[PDB]
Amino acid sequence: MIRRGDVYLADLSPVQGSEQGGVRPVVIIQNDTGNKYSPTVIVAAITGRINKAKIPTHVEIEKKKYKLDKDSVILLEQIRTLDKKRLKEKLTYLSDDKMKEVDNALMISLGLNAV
């Protein structure tokens, strides 16, 4: 079952310019009716390139709790609809508190900030 808050390995290549590419973890951010009843998910990329949030659309995740190669950052400015066939293995699942920070950074990202 694909749940919002799941983190999967996914090949994001090919990409252009500053789009995040590579085989990497991504977190599911699509609502759960969409995850269940549609062939696509929306995800946010995760990078181990940095371990500290630089901007308010970044959210940190710790390797000790989440089974990643490295302390990492979720990039809510790099979001994409992905076909489900791009999801490889299921790495982890984020806590409810981690998902609140994600909800926040995503509202800032999309200017929904006027809640």
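For every residue, the number given is its place in the sequence shown, counted from 1.
Mean CA temperature factor is higher for 69-77 when stretches 25-33 and 69-77 are set side by side in the entry. Higher average CA B factor: 83-91, of the stretches 35-43 and 83-91. When the modelled residues of the chain are ordered by their C-alpha B factor, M107 lands in the middle third. In the PDB entry, a CA B factor belonging to the highest third of its chain's modelled residues is recorded for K52.
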